[PDB]
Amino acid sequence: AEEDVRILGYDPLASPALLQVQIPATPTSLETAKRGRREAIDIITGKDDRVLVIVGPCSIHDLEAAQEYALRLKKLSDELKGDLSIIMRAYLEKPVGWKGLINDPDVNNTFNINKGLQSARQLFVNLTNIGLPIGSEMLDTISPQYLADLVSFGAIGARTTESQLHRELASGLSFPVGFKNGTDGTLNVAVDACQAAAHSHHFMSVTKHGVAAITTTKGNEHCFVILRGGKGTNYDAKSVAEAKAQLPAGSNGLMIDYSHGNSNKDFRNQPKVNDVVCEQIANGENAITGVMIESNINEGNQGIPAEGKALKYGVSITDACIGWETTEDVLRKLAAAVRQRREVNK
């Protein structure tokens, strides 16, 4: 009986329940998470005229830099509360390079998931603890069981939007899920994802106790489409009109990613994409409910030098971000477009 010939070995893994006790969620963290979901829900369903903003680092590899950023974003968040509902990007990784905070939390090319999950959860607690909601990519069917309670928003990356596995997973998450369009630039797959995630599914996951079980979902009605470019960009009126053209009756507000395929090989293009999105918003576009910005403390990205995490401070080690000030503007300018759009509807 030939089995596991390509499996070098298994390693003990702390269960979700165990991790949730080790690194408990403060009452604030749990309240922050609930609030974020409520606000996000109202915005993508049309009940609120504010714009949902998922902004923050491409990926977090430094909890101390992520905390400084959170404080800054929490303040700005306080000044633009009337127009913008801001959620922080607390992403673990990118698509060859650094494997992410869960796999390689030490950023030294060593794998250590147990410590990774600890960092991941501690991070989420630290952030939501200061009152700042967070969003992350739903990488797999197990990992969310360690962090789902502190998350207000979940995104299903372009490479997995067609994955039956990720559609079933979304149908059972306790928060809004954004499905990015295909890497080939089409929306059909993201529209189908939302339809599917709305139904009830029966899949196999692990319980809070680390055991495999047959899960049964309720269906998620808070799934929307995210426009992020592809084989070209799609944040322009002509493209948005084609998108709207594809959403079924009742579909939720579109979200737009200023990066990746939309800034096509350059973070400097994020502010430009903001103008082209702010325009449509001020002129009265109601289908654009949310935006996604990859910003950091200091612009650009970088690589890991000979040594590990000691590396330019506040600088992404994956996709390049825009600096902070460039972010202050981009958001104040988006808040304006929100107000100006508030009038056109009156």
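Numbering starts at 1 and follows the sequence shown.
The modelled chain is continuous from residue 209 to residue 210, since every residue of the deposited sequence in that stretch has coordinates. Unmodelled residues of the deposited sequence between residue 95 and residue 96: 1 to 3. Stretches compared: 106 to 114, 212 to 220. Higher mean C-alpha B-factor in the entry: 106 to 114. Relative to one another, 156 to 164 and 130 to 138 have unequal mean CA B-factors, and 130 to 138 is the one with the higher figure. Highest CA B-factor among 121, 260, 199, 75, as stated in the entry: 75. Between the residues 63, 40, 277, 54, it is 63 that shows the highest Cα B-factor in the PDB record.
The deposited CA B-factor of residue 294 belongs to the lowest third of values across its chain.
Compared with the other modelled residues of the chain, the Cα B-factor recorded for residue 85 ranks in the middle third.
Per-chain ranking of the deposited C-alpha B factor places residue 331 in the middle third. When all modelled residues of the chain are sorted by CA temperature factor, residue 33 is found within the middle third. Among all modelled residues in this chain, the alpha-carbon of residue 19 has a temperature factor (C-alpha) in the middle third.
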